[PDB]
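FYI, it's all coordinate maths here, none of it is from the lab.
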Amino acid sequence: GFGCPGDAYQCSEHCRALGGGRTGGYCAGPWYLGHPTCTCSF
């Protein structure tokens, strides 16, 4: 979700919105499909 898999920028905006301490986020996922899971970074 949040643009991913496909766009990491929307994933980053989603993570930044969850808290300003987060500078962004990256996309990862389960043992199946692509990268649907946004995981946030500081």
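At q = 0.34 Å⁻¹, what log₁₀ I(q)/I(0) does the chain have when each alpha carbon counts as one equal point scatterer in the Debye sum?
Relative scattering, expressed as log10 I(q)/I(0), comes to -1.08.
Can you give me the relative contact order of the chain as a percent, contacts being Cα pairs under 8 Å and 6 or more apart?
Working: 83 pairs, mean separation 15.9, N = 42.
Dividing the mean separation by the residue count of the chain yields 38 percent.
Pairing the Cα long axis of helix 8-18 with the longest principal axis of the chain, what angle in degrees results, from 0 to 90 and rounded to the nearest 10?
It works out to around 50 degrees.
Before rounding to the nearest 500, sum -39500 (n - 2.57) across all DSSP H runs of length at least 4 in the chain and divide by the residue total; then give [θ] at 222 nm in deg cm²/dmol.
Working: 1 runs with 11 residues, N = 42.
Only helices count here, giving -8000 deg cm²/dmol.
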